[PDB]
Structures are given as C-alpha cells and as structure tokens.
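Only one chain is shown below, in structure tokens, and it's the form deposited in one PDB entry.
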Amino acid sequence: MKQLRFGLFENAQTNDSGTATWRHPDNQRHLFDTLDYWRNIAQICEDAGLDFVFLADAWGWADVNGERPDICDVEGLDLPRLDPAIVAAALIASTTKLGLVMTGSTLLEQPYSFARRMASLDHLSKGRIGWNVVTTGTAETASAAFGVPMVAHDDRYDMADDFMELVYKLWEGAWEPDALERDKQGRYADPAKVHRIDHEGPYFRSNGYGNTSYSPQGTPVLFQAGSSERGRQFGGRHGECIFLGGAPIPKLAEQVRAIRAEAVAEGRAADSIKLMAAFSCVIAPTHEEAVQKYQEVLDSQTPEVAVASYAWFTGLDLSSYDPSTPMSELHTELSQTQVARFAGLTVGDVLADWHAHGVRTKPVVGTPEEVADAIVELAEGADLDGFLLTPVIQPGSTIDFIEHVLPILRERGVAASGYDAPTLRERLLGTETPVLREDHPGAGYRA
C-alpha cells in the first residue's frame, strides 16, 4: 500500500478563499496575529504526526478599481495578514519534527536575500522547510504596492525560471556540503569548497559569494500549484510536490497524469514528483450530525460576502440578477462552448455553492468512516501521494480529522503511524538523503 502524506493548509490571516466563517463561535482564526494561535496549531499537528503545516501567502488584496469596498473590512475578507517566513521561524522554535512550508513570490522577493532567509530557516529547523513557489495571484494590487510595473502572466514564469537558477546557485553551488569543518585545531572552513557564483539572467544578476553555507536539505522542498499551460511546465521542471485543487476523481486522475508527463518531459522520473490534492471535510459521529454541523458554519457567514467575493474571483457582478436566471442566459463573457459547462445552472445555484466553499475544495461531509473511505477512493482513483487538509474552521476542522479519521487511515495502513524521517524531503519524497535528487534541475548547480 502507498502511504499517504498529510499537510495542513493554513494562512496568516483570518479568512481565505473568498469565504468568511470567522464569526462561527468555535472559530479561532481571528487570533492569527498571536503567537499562541500558531503554537497551538503546530502542537496539534506535530502530536498527530502530520508531515507539515503549509502557510499560504498573498501580497495584494481584493479591490474594485483601486478601492476595497467596506465589506472587505467589516468581514475581514483579505487583510490584514502576517508574513509567513516570520510565522514559520517562530514555529521552528516550538517544534522538532513538523515540516514548515511557506509561500514565497518570485515576482516580489529579491533572490539573494530570499535565498539567505530560506537557508537560515533550513539551518535552524535542521532541514524541515519547504517553499511554495508562486508568482502572484493578485498581480495588479501587489505590483502597485511594491511600486513596480505589471509583468504579464507567462513572462512571470520566465522570471521565475531565472529566479530559480540564481537561488539554486546560492543554495547548491556556493558552499559544498562539507565546506564547514569548525575544528579549533584545524580549519574553520575548507577554502576549496567555498565558491564565487556568477549569474547574469534576463531578470536577475549576482556576482560574488553566498551568505549561507550548505543547509541540511540544500534547497527547501519545492512546492508548486500552477494550472496554466505555462505554470504546468514550470511545476514539471522544478516542483517536487505539486498541489491540485479539488476535482471529480476522473478529472483529477487526468490532471495527475498530465503533471507526471510534464516531469518526464523535463527528464525527471514520473514517480519522483508527489501529487497532493486539497481536501476538506466536516466530521461527526452520524451523517445527519455532520450535515447540521456543516450547516451551522455556512449560516455563520454573512450572505453579502458570497456575491462580493464571487465578483472579485471571477469578475461577474451578480448583485443585480435574480437567483432564477440561468447562467447561460447571461453573457458578460466566456468562450461559448465553455458556457456549456454551466449546463443551465441558475444564479442562485452558483452563489449558493460559492457561499459554501468559495475556491476552497468542496468538503466531504459525513462520518469518520465515510470521510476515510473518500480519502482512499481519491488516492487510489487519481494516483495521489497525499492530501493538503483545508480546514473550514480552526482549530476544530484539524482536530476532528486527527482524532477521528487519521486513526482509521493508520489502522488501514494507508497513513504512516508517525515521524520516520527527520527532514521534510526524506519524509515527503522517500529519498535516502535530505538533498535534491540527481535528476532534479537544482542538482545540476552543485560544484
């Protein structure tokens, strides 16, 4: 049996994904800016043996023509947030084995300082760091915030390739793994193992030494989730663990086959890339109890939010249209035969499903046995290597999965019983060594 890995999707802000369940009485996400919130989440995850916590990030915000509507602040749709690298570092200090994965942007980070920061996390954590490589999902606002011009979608990925090449040189080529000797009767470092790098790319330039010596993993575990044609090529080249949003099993299976074919086209083994699907659930001892439990979180969300956030995430201002109007009865846009995928849905239908989960994956709602069976049928049907648990409320959604579903998966032998490897790469990739595989591009920048 393939043993699935599990990570927890989190972000350093109250609400996410176009939903706003922060008003639910048991939701603690409004305390995201306190260290106690994060210490508790991490302890829950580490005591359960979850492989990692993943901190999503964004730099921009939801806006309509340069302005956030009141609702953004009355319901905390987007802002405020914290920086994930700072949260990750704080969590290092209260964990020993839990993996820590953070989003970091190739569009807005400077590679030289970013490489030093990530390698610092990797040193202090003893090799537990991952990096979710993003360009931007909020390109308009994030660019204005940093004072830089727009970069079009595919050019963002060419910039990301150049970024990756430089950070690979800094992580893998600047200091050999054994450069540091720290012998008070010998050498501090072997001068033959410390190298100047030289990089002249279309977007970035660097000439000189790297600040950080070779870290326990070398390069953080690389996560990536792009679904465009160009983003799929980028993930096929660099990504070690690829995230997928929820989809019906047959569609997910085809996407998995496509992503593994992109890795093969870049010279990598098909099984050397790990696929993890977002997965949400609401668990209760009976099916009806779960439905009511899910219902109570849905009822906690203000009804005006659904229309507001659907607008931003898609562009369709639906406040006007009566809920009985078929979607296909509207224009706005979409490329004909795509409009047929709507298959005669009504505005009410879309907003009700959007109210339910936004861009988060549709939760599996049922008993522990029902949720466990869903996980297994997803993993087997789509050839997945793990799941990214996306909570509907914190910490309850995580606690429920840990206390009721994970033990079933463990008894069935589909989930490991605990931490068997000390670095994140060894744990997620099954590698023997904590460092990149030889068929990964970053390995080609080693001395």
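For clarity, a rigid core is taken as the largest C-alpha set superposing within 1.5 Å between two forms. Residue numbers run from 1 along the displayed sequence.
One more form of this protein, deposited in another entry, exists but is not displayed; see below.
- Compared between the shown form and the other one on the core, the listed residues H331, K184, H287, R196 keep their C-alpha shifts below 2 Å, save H331.
- The rigid-core alignment places the CA of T346 2 Å or more apart between the shown form and the other one.
- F313: CA moves 2 Å or more between the shown form and the other one after rigid-core fitting.
- After superposing the rigid core, the C-alpha of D322 moves by 2 Å or more between the shown form and the other one.
- Between the C-alpha atoms of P363 and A340, a gap narrowed by no less than 3 Å is obtained in that other deposited form, as opposed to the form on display.
- Note: the CA-CA distance for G315 and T141 contracts in that other deposited form relative to this form, by 3 angstroms or more.
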